[PDB]
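S.K.: Below is the structure I would like to discuss, written out as structure tokens.
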Amino acid sequence: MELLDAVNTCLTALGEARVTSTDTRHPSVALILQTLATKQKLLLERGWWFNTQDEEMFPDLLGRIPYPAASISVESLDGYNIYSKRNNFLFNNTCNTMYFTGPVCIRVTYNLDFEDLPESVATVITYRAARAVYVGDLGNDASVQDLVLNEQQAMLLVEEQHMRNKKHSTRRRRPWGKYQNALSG
Amino acid sequence: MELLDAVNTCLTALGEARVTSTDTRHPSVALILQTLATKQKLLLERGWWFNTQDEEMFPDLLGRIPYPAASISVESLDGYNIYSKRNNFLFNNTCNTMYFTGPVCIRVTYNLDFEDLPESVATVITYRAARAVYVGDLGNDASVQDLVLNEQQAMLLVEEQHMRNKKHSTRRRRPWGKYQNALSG
Amino acid sequence: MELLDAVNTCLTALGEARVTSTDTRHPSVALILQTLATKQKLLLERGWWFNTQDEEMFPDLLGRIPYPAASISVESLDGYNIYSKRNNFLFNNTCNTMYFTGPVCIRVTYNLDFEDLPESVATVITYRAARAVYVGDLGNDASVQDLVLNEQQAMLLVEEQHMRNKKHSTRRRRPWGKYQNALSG
Amino acid sequence: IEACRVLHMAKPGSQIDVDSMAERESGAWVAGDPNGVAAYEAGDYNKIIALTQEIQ
Amino acid sequence: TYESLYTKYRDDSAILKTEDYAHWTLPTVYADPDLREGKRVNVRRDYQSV
């Protein structure tokens, strides 16, 4: 879904005329783009089936471990340790220190381009931005009840798709593996 | 159902006069066509009984596997692996790499022409586009309660038809096959 | 029920004067006729007791099987196979191919002339078209509550007639035949 | 003989994923209402119970 | 050349069918002696012991 399509949808929802290029100097386009970017950044924070991976980081000469630039959130995977981002570097919350001793394992959530997002996610982002602009620029009229409804319908499909892709099952737990090993001799 | 019929239906719902050719230079026709295209693309994302097939892809010399141009969504069928689309190429989410080693199996959802769509689907698309245009161009009046009702009635028939065509049964599960094999000697 | 009667009924419901020939150059007649045709095409899609038959098709020299021009929907009857219409030809959805090897069996739903339709079906079509035109041309007034009521009353009779003609029974199931065969010796 | 109809009806107007429910292996997790599909019911058992007593 | 007669007089269909019956009741009574040379080869069991 090209950004121009989302911009035109927002303009049509706001009542103004459609455009042809996202570089047009109309002042509403900048606000639309900023709102779209902010909503996209906020939505993907939790993590989904297409923007979550595990990675390992290594320390520098001093002992400071940097973090990926495109990431949005960090989490630990080493026992009960806690990590957080501070001063453009990882912070060891469990020991109140900034210098590490070796590599660590952490979960990372990445931010992607608007084009690569699935259709369902793009619809949710577009319809959230449209309402955020319309309410702040024209007041709370009776037409927002359609934008909210469209957002909810899109969110249902998003959740269904995410549940379908992950393929959760009860056969992946270790007790089942132990039972199957026992049922062999 | 020709596109001209849908355009004329939308124009009649909006109150303007009917037309004769989809190439007419009236400015509302472009908006109608864009809305129809967007709604058609969104609706078919989940997949139905007429636009779902299984296919196998092969890697290039480097090891990158492209994806069909007409597809809307991709899914994996190899164990518990996860695949996604990124940078006009398939991405291996389970290993955080872009280069594959061999062929893969994936589900694909295709986008078709408006003419080939069944009548029930075309009615739903037309009545969604009509409301999306009317609400954004004239406000939320009392006449949208008929468009929503028509959309719901059409969706019921669409779902009934899809359920009829798929022909789900309890005799296709493997325990029934094992039972029938046992009942033979 | 002649088309002129339906046109005059729609005109009377809309408040305009009656006419004498369907060829009259009044501009509302064209819209009435188009709406009637669209509603008739949509209604008969599911299939009833007077427009459903089974037929067999044969392949061409290349291996492409065309479909009847008057049909509205196609369905398969060979095991668990799935067929659909695409590019003015039948498509084998189960094998992702367009070329067949032999004859096939499929259900077909046909479109008939307005004159041949029963009275109950014609009343439903006329009263649907009348509302579709009145709401879009004059708004949602309090007089549509009579058109909807008439449509519902006609639909009840339509369903009763269809149920009467089909003559469903529990004696047509094969277990009854087996029981009757057993009760003989 | 009427008591030998084995059908499952998908309620209209409910959120469900019929394909996943009908095609996934046993043990999977799916998204949808846990009551969107119900077994066909005609109420013909009481009539059997009644007829048996009169015949007896 | 009694091996020829031994192979001639066998009935493969019965031997292949009688595997399930043993598998449902007592797998160890019907184990093939030609797949082992003095070491354990695992035998699978069923979900029920009736």
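Chain identifiers are assigned as A, B, and so on, following the order in which chains appear in the structure tokens; residues are numbered from 1 within each chain, and ligands are numbered from 1 in order of appearance.
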Compile the contact shell of residue 26 of chain E as an MDAnalysis selection string: residues with an atom at most 12 Å away, counting only C-alpha atoms, same-chain residues fewer than 5 positions apart removed.
M.R.: chainID E and resid 18:21 31 43:46 48:50
S.K.: Would you mind exporting N, CA, C and O atoms of the selected residues as a PDB file, in the first residue's frame?
M.R.:
```pdb
ATOM      1  N   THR E  18      -1.456 -59.073   9.736  1.00  0.00           N
ATOM      2  CA  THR E  18      -1.443 -59.480  11.136  1.00  0.00           C
ATOM      3  C   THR E  18      -0.546 -58.609  12.006  1.00  0.00           C
ATOM      4  O   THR E  18      -0.380 -58.916  13.191  1.00  0.00           O
ATOM      5  N   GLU E  19       0.037 -57.542  11.458  1.00  0.00           N
ATOM      6  CA  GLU E  19       0.864 -56.659  12.274  1.00  0.00           C
ATOM      7  C   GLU E  19       0.013 -55.782  13.182  1.00  0.00           C
ATOM      8  O   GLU E  19       0.359 -55.571  14.348  1.00  0.00           O
ATOM      9  N   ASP E  20      -1.102 -55.261  12.666  1.00  0.00           N
ATOM     10  CA  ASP E  20      -1.948 -54.379  13.465  1.00  0.00           C
ATOM     11  C   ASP E  20      -2.537 -55.111  14.665  1.00  0.00           C
ATOM     12  O   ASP E  20      -2.618 -54.552  15.767  1.00  0.00           O
ATOM     13  N   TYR E  21      -2.964 -56.360  14.469  1.00  0.00           N
ATOM     14  CA  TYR E  21      -3.565 -57.114  15.563  1.00  0.00           C
ATOM     15  C   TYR E  21      -2.586 -57.259  16.720  1.00  0.00           C
ATOM     16  O   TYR E  21      -2.950 -57.070  17.886  1.00  0.00           O
ATOM     17  N   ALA E  31       7.457 -60.076  17.015  1.00  0.00           N
ATOM     18  CA  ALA E  31       8.620 -59.345  16.530  1.00  0.00           C
ATOM     19  C   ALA E  31       9.360 -60.140  15.461  1.00  0.00           C
ATOM     20  O   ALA E  31       9.476 -61.366  15.541  1.00  0.00           O
ATOM     21  N   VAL E  43      10.529 -51.410  20.236  1.00  0.00           N
ATOM     22  CA  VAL E  43       9.182 -51.786  19.819  1.00  0.00           C
ATOM     23  C   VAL E  43       8.206 -50.777  20.411  1.00  0.00           C
ATOM     24  O   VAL E  43       8.236 -50.509  21.616  1.00  0.00           O
ATOM     25  N   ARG E  44       7.341 -50.225  19.564  1.00  0.00           N
ATOM     26  CA  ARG E  44       6.437 -49.173  20.000  1.00  0.00           C
ATOM     27  C   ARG E  44       5.158 -49.763  20.591  1.00  0.00           C
ATOM     28  O   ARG E  44       4.754 -50.885  20.277  1.00  0.00           O
ATOM     29  N   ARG E  45       4.519 -48.980  21.458  1.00  0.00           N
ATOM     30  CA  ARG E  45       3.308 -49.383  22.156  1.00  0.00           C
ATOM     31  C   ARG E  45       2.158 -48.471  21.746  1.00  0.00           C
ATOM     32  O   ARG E  45       2.335 -47.505  21.000  1.00  0.00           O
ATOM     33  N   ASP E  46       0.967 -48.788  22.243  1.00  0.00           N
ATOM     34  CA  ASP E  46      -0.261 -48.097  21.875  1.00  0.00           C
ATOM     35  C   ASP E  46      -0.776 -47.271  23.050  1.00  0.00           C
ATOM     36  O   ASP E  46      -0.331 -47.417  24.191  1.00  0.00           O
ATOM     37  N   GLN E  48      -3.578 -47.420  24.509  1.00  0.00           N
ATOM     38  CA  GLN E  48      -4.506 -48.138  25.371  1.00  0.00           C
ATOM     39  C   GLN E  48      -3.949 -49.511  25.720  1.00  0.00           C
ATOM     40  O   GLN E  48      -3.245 -50.135  24.922  1.00  0.00           O
ATOM     41  N   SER E  49      -4.275 -49.975  26.927  1.00  0.00           N
ATOM     42  CA  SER E  49      -3.783 -51.248  27.435  1.00  0.00           C
ATOM     43  C   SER E  49      -4.889 -52.244  27.757  1.00  0.00           C
ATOM     44  O   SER E  49      -4.634 -53.213  28.482  1.00  0.00           O
ATOM     45  N   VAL E  50      -6.106 -52.041  27.248  1.00  0.00           N
ATOM     46  CA  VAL E  50      -7.195 -52.975  27.529  1.00  0.00           C
ATOM     47  C   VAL E  50      -6.928 -54.321  26.865  1.00  0.00           C
ATOM     48  O   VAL E  50      -7.087 -55.383  27.484  1.00  0.00           O
TER      49      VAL E  50
END
```
S.K.: Considering only C-alpha atoms, tabulate each residue of chain B that lies at most 6 Å from chain A along with its nearest interatomic pair and the corresponding distance in Å to one decimal; arrange the rows by chain and ascending residue number and present them as a Markdown table.
M.R.:
```
| residue | atom | partner | partner_atom | distance |
| --- | --- | --- | --- | --- |
| B:86 | CA | A:116 | CA | 5.8 |
| B:136 | CA | A:13 | CA | 5.1 |
| B:140 | CA | A:143 | CA | 5.7 |
```
S.K.: Since we have the selection now, will you write its residues out, keeping N, CA, C and O atoms, as a tab-separated table (two decimals), in the first residue's frame?
M.R.:
```tsv
chain	number	residue	atom	x	y	z
B	86	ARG	N	9.61	-8.97	2.16
B	86	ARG	CA	10.43	-7.82	2.51
B	86	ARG	C	11.37	-7.51	1.36
B	86	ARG	O	12.04	-8.42	0.85
B	136	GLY	N	-17.93	10.17	3.55
B	136	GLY	CA	-16.85	11.14	3.51
B	136	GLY	C	-17.16	12.39	2.72
B	136	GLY	O	-16.53	13.42	2.93
B	140	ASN	N	-22.77	11.78	7.70
B	140	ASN	CA	-23.48	10.58	8.15
B	140	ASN	C	-24.96	10.93	8.28
B	140	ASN	O	-25.43	11.39	9.32
```
S.K.: Mind checking which residues fall within 10 Å of segment 24-27 of chain D, counting only C-alpha atoms, ignoring those fewer than 2 positions away in the same chain, and posting them as a list in words?
M.R.: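 The residues satisfying every condition are residues 167, 168, 169, 170, 171 and 172 of chain A; 173 of chain B; 19, 20, 21, 22, 29 and 30 of chain D.
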S.K.: Need to verify the contact set: residue 2 of chain D, 12 Å, only C-alpha atoms, exclusion of same-chain residues closer than 3 positions in sequence. Can you return it as JSON, numbers by chain?
M.R.: {"C": [169, 170, 171, 172, 173, 174, 175, 176], "D": [5, 6, 40, 41, 42, 43, 44, 45, 47, 48]}
S.K.: What would the file look like if the residues just selected were written as a CSV table (one decimal), in the first residue's frame with N, CA and C atoms?
M.R.:
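Now in selection_27.csv:
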```csv
chain,number,residue,atom,x,y,z
C,169,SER,N,-38.5,-35.4,1.5
C,169,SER,CA,-39.1,-36.4,2.3
C,169,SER,C,-37.9,-37.2,2.9
C,170,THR,N,-38.3,-37.9,4.0
C,170,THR,CA,-37.3,-38.8,4.7
C,170,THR,C,-37.3,-40.2,4.1
C,171,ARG,N,-38.2,-40.5,3.2
C,171,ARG,CA,-38.2,-41.8,2.6
C,171,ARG,C,-37.2,-41.9,1.4
C,172,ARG,N,-36.6,-40.8,1.0
C,172,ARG,CA,-35.7,-40.8,-0.1
C,172,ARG,C,-34.2,-41.1,0.3
C,173,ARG,N,-34.0,-41.3,1.6
C,173,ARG,CA,-32.6,-41.6,2.1
C,173,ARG,C,-32.4,-43.1,1.9
C,174,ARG,N,-31.1,-43.5,1.7
C,174,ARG,CA,-30.8,-44.8,1.4
C,174,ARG,C,-31.0,-45.8,2.5
C,175,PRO,N,-30.9,-45.4,3.8
C,175,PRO,CA,-31.2,-46.3,4.9
C,175,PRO,C,-32.6,-46.9,4.8
C,176,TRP,N,-33.6,-46.0,4.4
C,176,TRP,CA,-34.9,-46.5,4.3
C,176,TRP,C,-35.0,-47.6,3.2
D,5,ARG,N,-29.3,-38.4,11.2
D,5,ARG,CA,-28.7,-37.3,10.5
D,5,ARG,C,-27.5,-36.7,11.4
D,6,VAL,N,-26.3,-36.7,10.9
D,6,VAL,CA,-25.2,-36.2,11.6
D,6,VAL,C,-24.7,-35.0,10.8
D,40,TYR,N,-26.5,-30.5,14.9
D,40,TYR,CA,-27.9,-30.5,14.4
D,40,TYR,C,-28.8,-31.1,15.5
D,41,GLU,N,-30.0,-30.4,15.7
D,41,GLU,CA,-30.9,-30.9,16.7
D,41,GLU,C,-32.3,-30.6,16.2
D,42,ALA,N,-33.1,-31.7,16.2
D,42,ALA,CA,-34.5,-31.6,15.7
D,42,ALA,C,-35.5,-32.0,16.8
D,43,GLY,N,-35.1,-32.5,18.0
D,43,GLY,CA,-36.0,-32.8,19.0
D,43,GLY,C,-36.8,-34.1,18.8
D,44,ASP,N,-36.3,-35.1,18.1
D,44,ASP,CA,-37.1,-36.3,17.8
D,44,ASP,C,-36.8,-37.4,18.8
D,45,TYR,N,-36.0,-37.2,19.8
D,45,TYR,CA,-35.7,-38.2,20.8
D,45,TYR,C,-36.9,-38.4,21.8
D,47,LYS,N,-40.0,-37.9,21.1
D,47,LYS,CA,-41.1,-38.7,20.4
D,47,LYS,C,-40.8,-40.2,20.4
D,48,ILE,N,-39.6,-40.6,20.3
D,48,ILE,CA,-39.2,-42.0,20.4
D,48,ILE,C,-39.6,-42.5,21.8
```
S.K.: Could you tell me, as a list in words, which residues of segment 38-173 of chain B DSSP assigns to strand (DSSP E or B) when given the backbone?
M.R.: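 Residues of segment 38-173 of chain B classed as strand (DSSP E or B): residues 52, 53, 54, 55, 56, 57, 71, 72, 73, 74, 75, 76, 83, 84, 85, 86, 89, 90, 91, 92, 97, 104, 105, 106, 107, 108, 109 and 110 of chain B.
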S.K.: Return the single residue from B:61, B:155, B:21, B:185 that is closest to chain D, with distances computed using only C-alpha atoms.
M.R.: B:155
S.K.: Within 9 Å of residue 16 of chain D, counting only C-alpha atoms, which residues qualify if same-chain residues fewer than 2 places away don't, as a PDB file with N, CA, C and O atoms, in the first residue's frame?
M.R.:
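The new file out.pdb reads:
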```pdb
ATOM      1  N   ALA D  10     -22.814 -24.148  11.229  1.00  0.00           N
ATOM      2  CA  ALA D  10     -22.054 -22.952  11.563  1.00  0.00           C
ATOM      3  C   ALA D  10     -23.017 -21.779  11.695  1.00  0.00           C
ATOM      4  O   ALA D  10     -23.644 -21.373  10.712  1.00  0.00           O
ATOM      5  N   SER D  14     -21.512 -14.960  13.525  1.00  0.00           N
ATOM      6  CA  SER D  14     -20.521 -15.199  14.565  1.00  0.00           C
ATOM      7  C   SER D  14     -19.117 -15.139  13.979  1.00  0.00           C
ATOM      8  O   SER D  14     -18.899 -15.508  12.822  1.00  0.00           O
ATOM      9  N   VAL D  18     -13.503 -20.970  10.015  1.00  0.00           N
ATOM     10  CA  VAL D  18     -13.983 -22.320   9.736  1.00  0.00           C
ATOM     11  C   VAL D  18     -12.863 -23.189   9.176  1.00  0.00           C
ATOM     12  O   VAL D  18     -12.734 -24.365   9.538  1.00  0.00           O
ATOM     13  N   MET D  21     -10.503 -24.377  11.948  1.00  0.00           N
ATOM     14  CA  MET D  21     -11.169 -25.324  12.835  1.00  0.00           C
ATOM     15  C   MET D  21     -11.328 -26.684  12.168  1.00  0.00           C
ATOM     16  O   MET D  21     -11.210 -27.724  12.827  1.00  0.00           O
ATOM     17  N   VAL D  30      -6.708 -21.737  17.933  1.00  0.00           N
ATOM     18  CA  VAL D  30      -7.392 -21.022  16.862  1.00  0.00           C
ATOM     19  C   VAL D  30      -8.101 -19.820  17.470  1.00  0.00           C
ATOM     20  O   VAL D  30      -8.364 -19.772  18.673  1.00  0.00           O
ATOM     21  N   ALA D  31      -8.404 -18.837  16.627  1.00  0.00           N
ATOM     22  CA  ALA D  31      -9.079 -17.616  17.045  1.00  0.00           C
ATOM     23  C   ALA D  31     -10.528 -17.653  16.584  1.00  0.00           C
ATOM     24  O   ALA D  31     -10.800 -17.825  15.391  1.00  0.00           O
ATOM     25  N   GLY D  32     -11.443 -17.490  17.519  1.00  0.00           N
ATOM     26  CA  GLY D  32     -12.863 -17.491  17.226  1.00  0.00           C
ATOM     27  C   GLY D  32     -13.664 -17.834  18.466  1.00  0.00           C
ATOM     28  O   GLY D  32     -13.145 -18.273  19.486  1.00  0.00           O
ATOM     29  N   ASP D  33     -14.972 -17.625  18.375  1.00  0.00           N
ATOM     30  CA  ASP D  33     -15.845 -17.927  19.497  1.00  0.00           C
ATOM     31  C   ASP D  33     -15.841 -19.431  19.764  1.00  0.00           C
ATOM     32  O   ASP D  33     -15.843 -20.228  18.819  1.00  0.00           O
ATOM     33  N   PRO D  34     -15.837 -19.859  21.031  1.00  0.00           N
ATOM     34  CA  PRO D  34     -15.816 -21.299  21.317  1.00  0.00           C
ATOM     35  C   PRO D  34     -17.176 -21.962  21.167  1.00  0.00           C
ATOM     36  O   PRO D  34     -17.343 -23.128  21.536  1.00  0.00           O
ATOM     37  N   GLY D  36     -19.297 -21.181  18.108  1.00  0.00           N
ATOM     38  CA  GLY D  36     -19.821 -20.803  16.808  1.00  0.00           C
ATOM     39  C   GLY D  36     -20.372 -21.956  15.998  1.00  0.00           C
ATOM     40  O   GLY D  36     -21.073 -21.722  15.009  1.00  0.00           O
ATOM     41  N   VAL D  37     -20.074 -23.192  16.389  1.00  0.00           N
ATOM     42  CA  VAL D  37     -20.530 -24.381  15.679  1.00  0.00           C
ATOM     43  C   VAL D  37     -21.289 -25.266  16.656  1.00  0.00           C
ATOM     44  O   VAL D  37     -20.819 -25.521  17.770  1.00  0.00           O
TER      45      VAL D  37
END
```
S.K.: Let's see if you can do this: from backbone DSSP, list all helix (DSSP H, G or I) residues in chain B, as a ChimeraX atom specification.
M.R.: /B:3-14,27-43,119-138,144-166,170-172,174-182
S.K.: Up to 12 Å from chain E, what residues of chain A turn up? Count only C-alpha atoms and give them as a list in words.
M.R.: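 For chain A, the answer reads residues 179, 180, 181, 182, 183, 184 and 185 of chain A.
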S.K.: What would the file look like if the residues just selected were written as a PDB file, in the first residue's frame with N, CA and C atoms?
M.R.:
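Now in out-v1.pdb:
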```pdb
ATOM      1  N   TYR A 179       6.417 -37.921  27.079  1.00  0.00           N
ATOM      2  CA  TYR A 179       5.440 -38.994  26.920  1.00  0.00           C
ATOM      3  C   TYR A 179       5.722 -39.810  25.665  1.00  0.00           C
ATOM      4  N   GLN A 180       6.042 -39.137  24.559  1.00  0.00           N
ATOM      5  CA  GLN A 180       6.336 -39.852  23.321  1.00  0.00           C
ATOM      6  C   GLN A 180       7.607 -40.680  23.453  1.00  0.00           C
ATOM      7  N   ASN A 181       8.622 -40.143  24.132  1.00  0.00           N
ATOM      8  CA  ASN A 181       9.830 -40.924  24.380  1.00  0.00           C
ATOM      9  C   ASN A 181       9.519 -42.159  25.214  1.00  0.00           C
ATOM     10  N   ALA A 182       8.662 -42.011  26.227  1.00  0.00           N
ATOM     11  CA  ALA A 182       8.275 -43.160  27.038  1.00  0.00           C
ATOM     12  C   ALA A 182       7.544 -44.202  26.203  1.00  0.00           C
ATOM     13  N   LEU A 183       6.685 -43.755  25.284  1.00  0.00           N
ATOM     14  CA  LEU A 183       5.949 -44.664  24.403  1.00  0.00           C
ATOM     15  C   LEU A 183       6.846 -45.149  23.260  1.00  0.00           C
ATOM     16  N   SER A 184       7.964 -45.763  23.639  1.00  0.00           N
ATOM     17  CA  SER A 184       8.918 -46.285  22.662  1.00  0.00           C
ATOM     18  C   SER A 184       9.867 -47.230  23.379  1.00  0.00           C
ATOM     19  N   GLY A 185      10.006 -48.446  22.862  1.00  0.00           N
ATOM     20  CA  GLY A 185      10.886 -49.430  23.464  1.00  0.00           C
ATOM     21  C   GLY A 185      10.930 -50.733  22.691  1.00  0.00           C
TER      22      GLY A 185
END
```
S.K.: Give me the residues within 10 Å of residue 28 of chain B as a PyMOL selection string, counting only C-alpha atoms and dropping any in the same chain fewer than 3 places off.
M.R.: chain B and resi 7+10-11+16+24-25+31-33+133
S.K.: Filtering to C-alpha atoms, could you give me those residues as a compact mmCIF listing (two decimals), in the first residue's frame?
M.R.:
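Listed below is the output, part21.txt:
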```
# COMPACT_ATOMS: atom_id res chain seq x y z
CA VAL B 7 -19.97 3.16 -11.22
CA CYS B 10 -22.48 4.54 -6.94
CA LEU B 11 -23.46 7.67 -8.87
CA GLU B 16 -25.68 12.48 -9.51
CA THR B 24 -15.77 9.80 -19.02
CA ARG B 25 -13.76 12.71 -17.64
CA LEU B 31 -12.46 8.54 -6.92
CA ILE B 32 -15.10 5.84 -7.39
CA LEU B 33 -12.66 3.61 -9.27
CA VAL B 133 -17.71 7.72 -0.50
```
S.K.: I need the residue nearest residue 35 of chain C from this list: C:129, C:82, C:108, C:138. Use only C-alpha atoms for the distance.
M.R.: C:129
